[PDB]
Structure formats: C-alpha cells, structure tokens
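Engineer: You'll find upload01.tsv just under this line, and it carries TSV, N, CA and C atoms (P, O5', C5', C4', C3', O3' and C1' of nucleotides) and all ligand atoms.
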chain	number	residue	atom	x	y	z
H	399	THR	N	-2.84	11.92	16.50
H	399	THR	CA	-1.53	12.43	16.99
H	399	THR	C	-0.37	11.95	16.10
H	400	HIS	N	-0.70	11.21	15.04
H	400	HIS	CA	0.25	10.95	13.96
H	400	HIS	C	-0.18	11.75	12.76
H	401	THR	N	0.19	13.02	12.75
H	401	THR	CA	-0.35	13.98	11.81
H	401	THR	C	0.48	14.02	10.56
H	402	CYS	N	-0.18	14.13	9.42
H	402	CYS	CA	0.53	14.21	8.17
H	402	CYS	C	0.87	15.62	7.92
H	403	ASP	N	2.07	16.04	8.30
H	403	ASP	CA	2.44	17.44	8.13
H	403	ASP	C	3.13	17.73	6.80
H	404	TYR	N	2.58	17.18	5.72
H	404	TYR	CA	2.96	17.60	4.37
H	404	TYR	C	2.05	18.72	3.87
H	405	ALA	N	2.65	19.83	3.44
H	405	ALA	CA	1.88	20.90	2.79
H	405	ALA	C	0.79	21.41	3.69
H	406	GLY	N	-0.45	21.27	3.24
H	406	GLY	CA	-1.59	21.62	4.07
H	406	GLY	C	-2.46	20.43	4.42
H	407	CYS	N	-1.88	19.24	4.49
H	407	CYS	CA	-2.69	18.04	4.73
H	407	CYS	C	-3.32	18.05	6.14
H	408	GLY	N	-4.61	17.76	6.21
H	408	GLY	CA	-5.31	17.81	7.49
H	408	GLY	C	-5.39	16.47	8.21
H	409	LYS	N	-4.50	15.54	7.86
H	409	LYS	CA	-4.75	14.13	8.18
H	409	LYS	C	-3.89	13.58	9.31
H	410	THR	N	-4.51	12.81	10.20
H	410	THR	CA	-3.81	12.17	11.32
H	410	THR	C	-4.22	10.72	11.42
H	411	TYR	N	-3.30	9.89	11.88
H	411	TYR	CA	-3.52	8.47	11.88
H	411	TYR	C	-3.24	7.89	13.22
H	412	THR	N	-3.92	6.80	13.53
H	412	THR	CA	-3.81	6.22	14.84
H	412	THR	C	-2.64	5.28	14.94
H	413	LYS	N	-1.68	5.43	14.04
H	413	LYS	CA	-0.61	4.48	13.94
H	413	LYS	C	0.47	5.05	13.09
H	414	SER	N	1.64	5.21	13.68
H	414	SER	CA	2.74	5.80	12.98
H	414	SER	C	2.86	5.25	11.55
H	415	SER	N	2.65	3.96	11.40
H	415	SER	CA	2.96	3.29	10.15
H	415	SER	C	1.88	3.50	9.10
H	416	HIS	N	0.73	4.00	9.51
H	416	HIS	CA	-0.36	4.29	8.58
H	416	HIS	C	-0.10	5.67	7.96
H	417	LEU	N	0.52	6.54	8.74
H	417	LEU	CA	0.96	7.82	8.27
H	417	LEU	C	1.95	7.63	7.16
H	418	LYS	N	2.80	6.63	7.30
H	418	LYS	CA	3.86	6.45	6.33
H	418	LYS	C	3.26	6.00	5.02
H	419	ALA	N	2.33	5.07	5.12
H	419	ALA	CA	1.57	4.62	3.97
H	419	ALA	C	0.86	5.81	3.33
H	420	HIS	N	0.34	6.71	4.15
H	420	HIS	CA	-0.41	7.82	3.61
H	420	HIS	C	0.48	8.81	2.90
H	421	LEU	N	1.75	8.85	3.30
H	421	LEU	CA	2.67	9.88	2.81
H	421	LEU	C	2.95	9.62	1.36
H	422	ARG	N	2.70	8.38	0.95
H	422	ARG	CA	2.93	7.98	-0.42
H	422	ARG	C	1.97	8.67	-1.39
H	423	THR	N	0.85	9.19	-0.89
H	423	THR	CA	-0.07	9.95	-1.76
H	423	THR	C	0.56	11.28	-2.17
H	424	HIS	N	1.39	11.84	-1.31
H	424	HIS	CA	2.06	13.10	-1.64
H	424	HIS	C	3.38	12.92	-2.43
H	425	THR	N	4.00	11.75	-2.32
H	425	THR	CA	5.30	11.55	-2.97
H	425	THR	C	5.22	10.75	-4.25
H	426	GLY	N	4.17	9.97	-4.40
H	426	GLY	CA	4.04	9.15	-5.57
H	426	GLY	C	4.77	7.84	-5.42
H	427	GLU	N	5.68	7.76	-4.45
H	427	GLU	CA	6.34	6.50	-4.14
H	427	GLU	C	5.42	5.26	-4.29
H	428	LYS	N	5.91	4.27	-5.05
H	428	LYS	CA	5.21	2.97	-5.20
H	428	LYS	C	6.18	1.84	-4.94
H	429	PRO	N	6.28	1.38	-3.68
H	429	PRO	CA	7.38	0.44	-3.42
H	429	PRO	C	7.10	-0.99	-3.93
H	430	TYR	N	5.88	-1.25	-4.40
H	430	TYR	CA	5.46	-2.63	-4.69
H	430	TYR	C	5.28	-2.90	-6.17
H	431	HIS	N	6.31	-3.51	-6.75
H	431	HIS	CA	6.43	-3.67	-8.18
H	431	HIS	C	5.90	-5.03	-8.63
H	432	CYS	N	5.03	-5.05	-9.65
H	432	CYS	CA	4.59	-6.30	-10.27
H	432	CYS	C	5.77	-6.98	-10.96
H	433	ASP	N	6.04	-8.23	-10.63
H	433	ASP	CA	7.13	-8.94	-11.29
H	433	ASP	C	6.66	-9.84	-12.44
H	434	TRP	N	5.52	-9.50	-13.03
H	434	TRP	CA	4.95	-10.30	-14.10
H	434	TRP	C	5.63	-9.94	-15.39
H	435	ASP	N	6.09	-10.95	-16.13
H	435	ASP	CA	6.84	-10.72	-17.37
H	435	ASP	C	6.27	-9.54	-18.18
H	436	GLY	N	7.14	-8.56	-18.47
H	436	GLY	CA	6.82	-7.42	-19.35
H	436	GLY	C	5.72	-6.46	-18.87
H	437	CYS	N	5.30	-6.59	-17.61
H	437	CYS	CA	4.16	-5.82	-17.10
H	437	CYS	C	4.49	-4.36	-16.66
H	438	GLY	N	5.29	-4.19	-15.61
H	438	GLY	CA	5.79	-2.85	-15.27
H	438	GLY	C	4.96	-2.06	-14.25
H	439	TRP	N	3.80	-2.58	-13.86
H	439	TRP	CA	2.92	-1.89	-12.88
H	439	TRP	C	3.50	-1.91	-11.46
H	440	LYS	N	3.25	-0.84	-10.74
H	440	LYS	CA	3.79	-0.64	-9.42
H	440	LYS	C	2.69	-0.06	-8.53
H	441	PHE	N	2.80	-0.25	-7.24
H	441	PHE	CA	1.72	0.23	-6.39
H	441	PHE	C	2.19	0.82	-5.08
H	442	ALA	N	1.38	1.72	-4.57
H	442	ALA	CA	1.66	2.35	-3.31
H	442	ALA	C	1.37	1.38	-2.14
H	443	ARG	N	0.57	0.34	-2.40
H	443	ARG	CA	0.09	-0.54	-1.35
H	443	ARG	C	0.24	-1.99	-1.74
H	444	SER	N	0.75	-2.80	-0.82
H	444	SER	CA	1.02	-4.21	-1.14
H	444	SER	C	-0.27	-4.97	-1.46
H	445	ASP	N	-1.37	-4.60	-0.83
H	445	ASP	CA	-2.57	-5.32	-1.09
H	445	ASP	C	-3.14	-4.90	-2.42
H	446	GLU	N	-2.79	-3.73	-2.89
H	446	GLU	CA	-3.22	-3.42	-4.21
H	446	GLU	C	-2.45	-4.24	-5.25
H	447	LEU	N	-1.20	-4.55	-4.97
H	447	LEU	CA	-0.43	-5.36	-5.87
H	447	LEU	C	-0.97	-6.80	-5.90
H	448	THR	N	-1.42	-7.28	-4.75
H	448	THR	CA	-2.08	-8.55	-4.63
H	448	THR	C	-3.33	-8.63	-5.50
H	449	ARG	N	-4.21	-7.62	-5.40
H	449	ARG	CA	-5.38	-7.57	-6.28
H	449	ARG	C	-4.97	-7.61	-7.78
H	450	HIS	N	-3.93	-6.85	-8.11
H	450	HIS	CA	-3.35	-6.86	-9.47
H	450	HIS	C	-2.96	-8.26	-9.94
H	451	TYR	N	-2.08	-8.92	-9.19
H	451	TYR	CA	-1.70	-10.32	-9.51
H	451	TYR	C	-2.90	-11.25	-9.76
H	452	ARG	N	-4.05	-10.91	-9.18
H	452	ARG	CA	-5.22	-11.72	-9.38
H	452	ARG	C	-5.87	-11.51	-10.73
H	453	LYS	N	-5.55	-10.39	-11.38
H	453	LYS	CA	-5.91	-10.19	-12.79
H	453	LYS	C	-5.08	-11.10	-13.63
H	454	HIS	N	-3.76	-11.01	-13.46
H	454	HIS	CA	-2.85	-11.85	-14.17
H	454	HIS	C	-3.24	-13.34	-14.03
H	455	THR	N	-3.27	-13.84	-12.80
H	455	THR	CA	-3.46	-15.27	-12.58
H	455	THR	C	-4.90	-15.66	-12.73
H	456	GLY	N	-5.78	-14.71	-12.52
H	456	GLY	CA	-7.18	-15.03	-12.39
H	456	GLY	C	-7.45	-15.91	-11.18
H	457	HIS	N	-6.55	-15.89	-10.20
H	457	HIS	CA	-6.82	-16.56	-8.92
H	457	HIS	C	-8.02	-15.89	-8.21
H	458	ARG	N	-8.96	-16.72	-7.76
H	458	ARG	CA	-10.10	-16.26	-6.92
H	458	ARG	C	-10.21	-17.18	-5.73
H	459	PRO	N	-9.56	-16.81	-4.63
H	459	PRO	CA	-9.43	-17.67	-3.46
H	459	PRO	C	-10.67	-17.71	-2.59
H	460	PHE	N	-11.70	-16.94	-2.93
H	460	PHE	CA	-12.87	-16.83	-2.07
H	460	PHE	C	-14.09	-17.48	-2.69
H	461	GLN	N	-14.40	-18.70	-2.23
H	461	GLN	CA	-15.37	-19.57	-2.91
H	461	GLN	C	-16.74	-19.57	-2.21
H	462	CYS	N	-17.79	-19.22	-2.95
H	462	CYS	CA	-19.12	-19.27	-2.37
H	462	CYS	C	-19.48	-20.70	-2.10
H	463	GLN	N	-19.90	-20.98	-0.86
H	463	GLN	CA	-20.14	-22.33	-0.43
H	463	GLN	C	-21.57	-22.74	-0.78
H	464	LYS	N	-22.27	-21.83	-1.47
H	464	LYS	CA	-23.66	-22.05	-1.85
H	464	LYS	C	-23.91	-22.00	-3.35
H	465	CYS	N	-22.91	-21.58	-4.14
H	465	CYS	CA	-22.98	-21.77	-5.59
H	465	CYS	C	-21.59	-21.92	-6.17
H	466	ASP	N	-21.51	-21.92	-7.51
H	466	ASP	CA	-20.24	-22.12	-8.23
H	466	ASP	C	-19.33	-20.88	-8.21
H	467	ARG	N	-19.88	-19.74	-7.85
H	467	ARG	CA	-19.21	-18.47	-8.08
H	467	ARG	C	-18.09	-18.25	-7.11
H	468	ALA	N	-16.97	-17.72	-7.61
H	468	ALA	CA	-15.81	-17.46	-6.78
H	468	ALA	C	-15.38	-16.03	-6.92
H	469	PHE	N	-14.58	-15.56	-5.97
H	469	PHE	CA	-14.26	-14.16	-5.93
H	469	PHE	C	-12.80	-13.95	-5.62
H	470	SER	N	-12.27	-12.81	-6.00
H	470	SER	CA	-10.89	-12.54	-5.67
H	470	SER	C	-10.74	-11.85	-4.30
H	471	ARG	N	-11.84	-11.30	-3.77
H	471	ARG	CA	-11.79	-10.52	-2.50
H	471	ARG	C	-12.85	-10.99	-1.58
H	472	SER	N	-12.67	-10.82	-0.28
H	472	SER	CA	-13.64	-11.39	0.66
H	472	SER	C	-14.91	-10.57	0.71
H	473	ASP	N	-14.79	-9.27	0.45
H	473	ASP	CA	-15.94	-8.36	0.54
H	473	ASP	C	-16.90	-8.64	-0.58
H	474	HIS	N	-16.37	-8.93	-1.76
H	474	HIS	CA	-17.22	-9.31	-2.89
H	474	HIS	C	-18.05	-10.55	-2.57
H	475	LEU	N	-17.43	-11.52	-1.89
H	475	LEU	CA	-18.12	-12.73	-1.49
H	475	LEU	C	-19.20	-12.42	-0.44
H	476	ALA	N	-18.82	-11.69	0.59
H	476	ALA	CA	-19.75	-11.34	1.65
H	476	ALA	C	-20.96	-10.69	1.05
H	477	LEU	N	-20.74	-9.82	0.08
H	477	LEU	CA	-21.86	-9.13	-0.53
H	477	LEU	C	-22.70	-10.09	-1.31
H	478	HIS	N	-22.03	-11.02	-1.98
H	478	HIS	CA	-22.72	-12.02	-2.77
H	478	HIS	C	-23.51	-12.96	-1.87
H	479	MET	N	-22.87	-13.49	-0.82
H	479	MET	CA	-23.57	-14.36	0.14
H	479	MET	C	-24.94	-13.82	0.47
H	480	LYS	N	-24.98	-12.57	0.93
H	480	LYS	CA	-26.25	-11.97	1.36
H	480	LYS	C	-27.36	-12.15	0.32
H	481	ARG	N	-26.99	-12.10	-0.96
H	481	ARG	CA	-27.95	-12.34	-2.02
H	481	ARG	C	-28.56	-13.73	-1.95
H	482	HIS	N	-28.02	-14.61	-1.12
H	482	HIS	CA	-28.52	-15.99	-1.07
H	482	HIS	C	-29.69	-16.15	-0.13
H	483	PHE	N	-29.86	-15.17	0.74
H	483	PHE	CA	-30.96	-15.20	1.68
H	483	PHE	C	-31.88	-14.02	1.44
U	1	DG	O5'	-17.31	-9.18	-9.53
U	1	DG	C5'	-17.61	-8.80	-10.86
U	1	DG	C4'	-16.71	-7.67	-11.30
U	1	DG	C3'	-15.29	-7.75	-10.77
U	1	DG	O3'	-14.45	-7.34	-11.79
U	1	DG	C1'	-16.31	-5.75	-10.01
U	2	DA	P	-12.91	-7.12	-11.49
U	2	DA	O5'	-12.88	-5.62	-11.06
U	2	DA	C5'	-13.00	-4.61	-12.04
U	2	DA	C4'	-12.54	-3.30	-11.43
U	2	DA	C3'	-11.18	-3.43	-10.75
U	2	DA	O3'	-10.43	-2.36	-11.25
U	2	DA	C1'	-12.77	-2.48	-9.25
U	3	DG	P	-8.86	-2.23	-10.94
U	3	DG	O5'	-8.82	-0.94	-9.96
U	3	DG	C5'	-9.29	0.31	-10.42
U	3	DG	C4'	-9.38	1.30	-9.28
U	3	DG	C3'	-8.13	1.42	-8.43
U	3	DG	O3'	-7.72	2.79	-8.43
U	3	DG	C1'	-10.04	1.12	-7.06
U	4	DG	P	-6.58	3.30	-7.43
U	4	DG	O5'	-7.35	3.78	-6.14
U	4	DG	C5'	-8.23	4.84	-6.22
U	4	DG	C4'	-8.54	5.24	-4.81
U	4	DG	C3'	-7.31	5.33	-3.89
U	4	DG	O3'	-7.51	6.46	-3.13
U	4	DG	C1'	-8.96	3.94	-2.92
U	5	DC	P	-6.45	6.97	-2.06
U	5	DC	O5'	-6.98	6.32	-0.67
U	5	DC	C5'	-8.31	6.59	-0.22
U	5	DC	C4'	-8.51	5.89	1.10
U	5	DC	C3'	-7.25	5.75	1.95
U	5	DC	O3'	-7.62	5.67	3.27
U	5	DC	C1'	-8.12	3.69	1.64
U	6	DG	P	-7.14	6.82	4.24
U	6	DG	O5'	-7.87	6.49	5.63
U	6	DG	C5'	-9.28	6.46	5.72
U	6	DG	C4'	-9.65	5.46	6.79
U	6	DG	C3'	-8.70	5.44	7.98
U	6	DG	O3'	-9.47	5.27	9.13
U	6	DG	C1'	-8.89	3.28	7.04
U	7	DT	P	-8.82	5.32	10.57
U	7	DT	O5'	-8.57	3.79	10.89
U	7	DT	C5'	-9.68	2.94	11.00
U	7	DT	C4'	-9.17	1.52	11.07
U	7	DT	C3'	-8.17	1.28	12.18
U	7	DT	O3'	-8.85	0.70	13.25
U	7	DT	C1'	-7.69	0.10	10.18
U	8	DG	P	-8.09	0.49	14.64
U	8	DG	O5'	-8.39	-1.04	15.00
U	8	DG	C5'	-8.67	-1.96	13.97
U	8	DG	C4'	-8.06	-3.29	14.31
U	8	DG	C3'	-7.21	-3.25	15.56
U	8	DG	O3'	-6.97	-4.58	15.86
U	8	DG	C1'	-5.80	-3.54	13.77
U	9	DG	P	-6.65	-5.07	17.33
U	9	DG	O5'	-5.84	-6.41	17.00
U	9	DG	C5'	-6.56	-7.41	16.29
U	9	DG	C4'	-5.62	-8.45	15.77
U	9	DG	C3'	-4.58	-8.95	16.77
U	9	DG	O3'	-4.39	-10.28	16.47
U	9	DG	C1'	-3.47	-8.05	14.90
U	10	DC	P	-3.55	-11.23	17.40
U	10	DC	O5'	-2.13	-11.36	16.68
U	10	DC	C5'	-2.07	-11.95	15.42
U	10	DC	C4'	-0.78	-11.55	14.73
U	10	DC	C3'	0.45	-11.58	15.62
U	10	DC	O3'	0.91	-12.89	15.72
U	10	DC	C1'	0.50	-9.79	14.01
E	1	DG	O5'	8.74	-0.85	8.08
E	1	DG	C5'	8.78	-1.41	6.81
E	1	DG	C4'	7.86	-2.61	6.75
E	1	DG	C3'	6.81	-2.52	5.67
E	1	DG	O3'	7.30	-3.34	4.67
E	1	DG	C1'	5.93	-3.43	7.72
E	2	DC	P	6.41	-4.31	3.76
E	2	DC	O5'	6.03	-5.46	4.76
E	2	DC	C5'	4.76	-5.79	4.84
E	2	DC	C4'	4.69	-7.25	5.06
E	2	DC	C3'	3.67	-7.85	4.13
E	2	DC	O3'	3.74	-9.23	4.11
E	2	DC	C1'	2.76	-7.49	6.27
E	3	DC	P	3.01	-9.88	2.86
E	3	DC	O5'	1.51	-10.06	3.39
E	3	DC	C5'	1.33	-10.65	4.65
E	3	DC	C4'	-0.11	-10.51	5.09
E	3	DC	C3'	-1.17	-10.58	4.01
E	3	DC	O3'	-2.08	-11.52	4.43
E	3	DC	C1'	-1.58	-8.78	5.46
E	4	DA	P	-3.11	-12.14	3.40
E	4	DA	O5'	-4.48	-11.50	3.86
E	4	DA	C5'	-4.92	-11.90	5.12
E	4	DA	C4'	-5.98	-10.94	5.52
E	4	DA	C3'	-7.08	-10.84	4.48
E	4	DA	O3'	-8.24	-10.82	5.18
E	4	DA	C1'	-6.26	-8.70	5.03
E	5	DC	P	-9.61	-11.33	4.57
E	5	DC	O5'	-10.59	-10.54	5.55
E	5	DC	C5'	-10.32	-10.62	6.98
E	5	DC	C4'	-10.99	-9.45	7.66
E	5	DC	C3'	-12.39	-9.19	7.12
E	5	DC	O3'	-13.20	-8.67	8.12
E	5	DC	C1'	-11.07	-7.33	6.71
E	6	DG	P	-14.77	-8.77	7.86
E	6	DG	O5'	-15.16	-7.33	7.32
E	6	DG	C5'	-14.81	-6.22	8.07
E	6	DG	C4'	-14.96	-5.00	7.20
E	6	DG	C3'	-16.14	-5.05	6.24
E	6	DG	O3'	-16.74	-3.80	6.30
E	6	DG	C1'	-14.29	-4.30	5.14
E	7	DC	P	-18.28	-3.59	6.64
E	7	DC	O5'	-18.35	-2.03	6.29
E	7	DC	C5'	-17.48	-1.19	7.01
E	7	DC	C4'	-17.09	-0.04	6.15
E	7	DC	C3'	-18.22	0.47	5.25
E	7	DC	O3'	-18.23	1.90	5.30
E	7	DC	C1'	-16.27	0.04	3.99
E	8	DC	P	-19.39	2.78	4.58
E	8	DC	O5'	-18.86	4.28	4.75
E	8	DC	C5'	-17.57	4.66	4.22
E	8	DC	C4'	-17.45	4.87	2.70
E	8	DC	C3'	-18.64	5.27	1.80
E	8	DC	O3'	-18.35	6.57	1.34
E	8	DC	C1'	-17.03	3.90	0.67
E	9	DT	P	-19.38	7.47	0.55
E	9	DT	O5'	-18.90	7.41	-0.97
E	9	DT	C5'	-17.57	7.73	-1.29
E	9	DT	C4'	-17.39	7.49	-2.76
E	9	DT	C3'	-18.63	7.79	-3.57
E	9	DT	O3'	-18.20	8.49	-4.69
E	9	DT	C1'	-17.89	5.62	-4.08
E	10	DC	P	-19.27	9.09	-5.67
E	10	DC	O5'	-19.16	8.16	-6.96
E	10	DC	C5'	-17.85	7.91	-7.45
E	10	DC	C4'	-17.87	6.93	-8.60
E	10	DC	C3'	-19.16	6.88	-9.36
E	10	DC	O3'	-19.06	7.82	-10.40
E	10	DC	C1'	-18.20	4.71	-9.03
V	501	ZN	ZN	-1.15	14.06	3.97
V	502	ZN	ZN	1.35	-6.85	-13.59
V	503	ZN	ZN	-23.19	-18.01	-4.14
Can you dump the structure from the file as structure tokens?
Ligand SMILES: [Zn+2]
Ligand SMILES: [Zn+2]
Ligand SMILES: [Zn+2]

Structural biologist:
Amino acid sequence: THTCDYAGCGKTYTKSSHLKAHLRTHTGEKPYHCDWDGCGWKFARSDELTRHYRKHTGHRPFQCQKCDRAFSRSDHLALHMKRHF
DNA sequence: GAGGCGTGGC
DNA sequence: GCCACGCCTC
C-alpha cells in the first residue's frame, strides 16, 4: 500500500520510508557522499557508503572467532563460519 | 568478495 | 531517516 507510482513501476513497500529509498532508482539521487580526500563517490544508500569506506580504510569489524580471518560484513562471516563445521 | 536491495527496530 | 541483518545473483 506504499506503491511506487513512478512511470510504470509495479512496486509497493511495507513502509513509507522504503518507498522513498526506492524512488532513488528512478531519480538517480545519491544523498550519501564519500568524504575521502579526492574520491568523489556518492551513493543512493547509506549502508552502501559504509561498505565503500571499508575499501578506503580496510576496516573489517567482523572477526571470525575460530580463525585469523576477518570480514567487512556480517553475512560474509556467517557464510565463512559455516565452513568451520 | 562485492553490489543491489528488502526489511524491521530504533 | 539511521543502521544493519541477511538474502539474492554474479
Ligand atoms: Zn519504482
Ligand atoms: Zn571514497
Ligand atoms: Zn574462521
């Protein structure tokens, strides 16, 4: 009942604010700008900008508690964990 | 590993 | 509107 009434889009969202995020696919709007010296990258989604900053910093906050390997995202770790059993 | 994106608690 | 879990497809 939160329908994306742009053009012929068939999409509805269970949350007014997810529709707004989705509308950015039709407008190109990227409100989230990388502030890394001389970089210039921008994103439609804040969490995508977060993943980006992890390239720059090489921060990997997700540490496997069973080996040395670390990850930038939790899903990568979860997938890796399973490989341990 | 990486990008896109649906989602729900806050 | 943040943020982040997590799933999908490559
Ligand atoms: Zn749409
Ligand atoms: Zn950057
Ligand atoms: Zn491990």

Engineer: Could you give me the residues within 9 Å of ligand ZN 501 (chain V), counting only C-alpha atoms (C1' of nucleotides) and all ligand atoms, as a list in words?

Structural biologist: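 The residues near ligand ZN 501 (chain V) are residues 401, 402, 403, 404, 405, 406, 407, 408, 409, 410, 417, 420, 421, 422, 423 and 424 of chain H.
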
Engineer: Find the residues near region 442-446 of chain H: any atom within 8 Å, counting only C-alpha atoms (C1' of nucleotides), skip ones fewer than 5 places away on the same chain, and give them as a ChimeraX atom specification.

Structural biologist: /H:419,422-423,426-430 /E:3-4

Engineer: Around ligand ZN 503 (chain V), out to 7 Å and counting all atoms listed in the file, which residues are there? I want them as a list in words.

Structural biologist: residues 461, 462, 463, 464, 465, 466, 467, 478, 479 and 482 of chain H

Engineer: Hey, can you check how far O5' of residue 2 (chain E) sits from atom P of residue 2 (chain U)?

Structural biologist: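 Going from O5' of residue 2 (chain E) over to atom P of residue 2 (chain U) covers 25.0 Å.
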
Engineer: How close does chain H get to chain E? List, as JSON lines, each residue of chain H within 8 Å, its nearest atom pair and the distance in Å to one decimal, counting only C-alpha atoms (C1' of nucleotides).

Structural biologist:
{"residue": "H:415", "atom": "CA", "partner": "E:1", "partner_atom": "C1'", "distance": 7.7}
{"residue": "H:445", "atom": "CA", "partner": "E:3", "partner_atom": "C1'", "distance": 7.5}
{"residue": "H:472", "atom": "CA", "partner": "E:5", "partner_atom": "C1'", "distance": 7.7}
{"residue": "H:473", "atom": "CA", "partner": "E:6", "partner_atom": "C1'", "distance": 6.4}

Engineer: Which of region 446-476 of chain H counts as strand (DSSP E) under DSSP, as a list in words please?

Structural biologist: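 Residues meeting the strand (DSSP E) criterion: residues 460, 461, 468 and 469 of chain H.
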
Engineer: For those residues, write N, CA and C atoms to a file as a PDB file, keeping the file's coordinate frame.

Structural biologist:
ATOM      1  N   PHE H 460     -11.700 -16.940  -2.930  1.00  0.00           N
ATOM      2  CA  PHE H 460     -12.870 -16.830  -2.070  1.00  0.00           C
ATOM      3  C   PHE H 460     -14.090 -17.480  -2.690  1.00  0.00           C
ATOM      4  N   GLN H 461     -14.400 -18.700  -2.230  1.00  0.00           N
ATOM      5  CA  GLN H 461     -15.370 -19.570  -2.910  1.00  0.00           C
ATOM      6  C   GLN H 461     -16.740 -19.570  -2.210  1.00  0.00           C
ATOM      7  N   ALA H 468     -16.970 -17.720  -7.610  1.00  0.00           N
ATOM      8  CA  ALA H 468     -15.810 -17.460  -6.780  1.00  0.00           C
ATOM      9  C   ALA H 468     -15.380 -16.030  -6.920  1.00  0.00           C
ATOM     10  N   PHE H 469     -14.580 -15.560  -5.970  1.00  0.00           N
ATOM     11  CA  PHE H 469     -14.260 -14.160  -5.930  1.00  0.00           C
ATOM     12  C   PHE H 469     -12.800 -13.950  -5.620  1.00  0.00           C
TER      13      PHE H 469
END

Engineer: Per DSSP on the backbone, filter region 401-483 of chain H down to the residues in helix (DSSP H, G or I) and report them as a ChimeraX atom specification.

Structural biologist: /H:414-425,444-455,472-480

Engineer: Writing N, CA, C and O atoms (P, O5', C5', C4', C3', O3' and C1' of nucleotides) and nothing else, produce chain U as an mmCIF file, in the first residue's frame.

Structural biologist:
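Generated file (out35.cif):
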data_model
loop_
_atom_site.group_PDB
_atom_site.id
_atom_site.type_symbol
_atom_site.label_atom_id
_atom_site.label_comp_id
_atom_site.auth_asym_id
_atom_site.auth_seq_id
_atom_site.Cartn_x
_atom_site.Cartn_y
_atom_site.Cartn_z
ATOM 1 O "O5'" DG U 1 35.717 -11.944 0.850
ATOM 2 C "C5'" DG U 1 36.606 -12.032 -0.252
ATOM 3 C "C4'" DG U 1 36.198 -11.057 -1.328
ATOM 4 C "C3'" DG U 1 35.657 -9.737 -0.819
ATOM 5 O "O3'" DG U 1 36.151 -8.741 -1.643
ATOM 6 C "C1'" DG U 1 34.006 -10.826 -2.117
ATOM 7 P P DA U 2 35.602 -7.262 -1.496
ATOM 8 O "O5'" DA U 2 34.385 -7.271 -2.478
ATOM 9 C "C5'" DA U 2 34.601 -7.226 -3.867
ATOM 10 C "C4'" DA U 2 33.295 -6.836 -4.536
ATOM 11 C "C3'" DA U 2 32.674 -5.606 -3.904
ATOM 12 O "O3'" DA U 2 32.364 -4.762 -4.983
ATOM 13 C "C1'" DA U 2 31.090 -7.384 -3.985
ATOM 14 P P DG U 3 31.862 -3.258 -4.755
ATOM 15 O "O5'" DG U 3 30.319 -3.349 -5.239
ATOM 16 C "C5'" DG U 3 30.020 -3.723 -6.571
ATOM 17 C "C4'" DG U 3 28.537 -3.965 -6.741
ATOM 18 C "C3'" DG U 3 27.639 -2.856 -6.223
ATOM 19 O "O3'" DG U 3 26.795 -2.425 -7.291
ATOM 20 C "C1'" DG U 3 26.927 -4.952 -5.393
ATOM 21 P P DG U 4 25.568 -1.439 -7.023
ATOM 22 O "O5'" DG U 4 24.336 -2.394 -6.759
ATOM 23 C "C5'" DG U 4 23.890 -3.233 -7.756
ATOM 24 C "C4'" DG U 4 22.548 -3.741 -7.307
ATOM 25 C "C3'" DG U 4 21.617 -2.673 -6.726
ATOM 26 O "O3'" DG U 4 20.377 -2.964 -7.235
ATOM 27 C "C1'" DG U 4 21.831 -4.469 -5.213
ATOM 28 P P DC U 5 19.095 -2.070 -6.933
ATOM 29 O "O5'" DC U 5 18.405 -2.809 -5.667
ATOM 30 C "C5'" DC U 5 18.034 -4.190 -5.761
ATOM 31 C "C4'" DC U 5 17.403 -4.605 -4.455
ATOM 32 C "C3'" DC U 5 16.649 -3.491 -3.732
ATOM 33 O "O3'" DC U 5 15.675 -4.055 -2.945
ATOM 34 C "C1'" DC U 5 18.197 -4.332 -2.322
ATOM 35 P P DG U 6 14.175 -3.705 -3.278
ATOM 36 O "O5'" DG U 6 13.323 -4.648 -2.295
ATOM 37 C "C5'" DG U 6 13.432 -6.054 -2.362
ATOM 38 C "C4'" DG U 6 13.188 -6.605 -0.978
ATOM 39 C "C3'" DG U 6 12.134 -5.846 -0.177
ATOM 40 O "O3'" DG U 6 11.398 -6.783 0.534
ATOM 41 C "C1'" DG U 6 14.169 -5.920 1.025
ATOM 42 P P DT U 7 10.130 -6.361 1.387
ATOM 43 O "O5'" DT U 7 10.728 -6.188 2.839
ATOM 44 C "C5'" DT U 7 11.262 -7.315 3.479
ATOM 45 C "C4'" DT U 7 11.971 -6.842 4.724
ATOM 46 C "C3'" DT U 7 11.104 -6.025 5.660
ATOM 47 O "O3'" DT U 7 10.650 -6.871 6.673
ATOM 48 C "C1'" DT U 7 13.344 -5.272 5.528
ATOM 49 P P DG U 8 9.563 -6.335 7.714
ATOM 50 O "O5'" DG U 8 10.194 -6.713 9.142
ATOM 51 C "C5'" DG U 8 11.590 -6.853 9.268
ATOM 52 C "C4'" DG U 8 12.013 -6.326 10.607
ATOM 53 C "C3'" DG U 8 10.887 -5.670 11.381
ATOM 54 O "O3'" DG U 8 11.390 -5.498 12.659
ATOM 55 C "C1'" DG U 8 12.341 -4.010 10.732
ATOM 56 P P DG U 9 10.451 -5.418 13.931
ATOM 57 O "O5'" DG U 9 11.398 -4.589 14.913
ATOM 58 C "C5'" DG U 9 12.635 -5.211 15.250
ATOM 59 C "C4'" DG U 9 13.557 -4.219 15.899
ATOM 60 C "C3'" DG U 9 12.918 -3.357 16.979
ATOM 61 O "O3'" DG U 9 13.916 -3.146 17.913
ATOM 62 C "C1'" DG U 9 13.778 -1.961 15.290
ATOM 63 P P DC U 10 13.617 -2.475 19.303
ATOM 64 O "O5'" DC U 10 14.109 -0.962 19.147
ATOM 65 C "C5'" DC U 10 15.462 -0.723 18.910
ATOM 66 C "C4'" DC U 10 15.637 0.671 18.326
ATOM 67 C "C3'" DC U 10 14.798 1.742 18.977
ATOM 68 O "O3'" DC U 10 15.427 2.162 20.146
ATOM 69 C "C1'" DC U 10 15.055 2.075 16.610
#
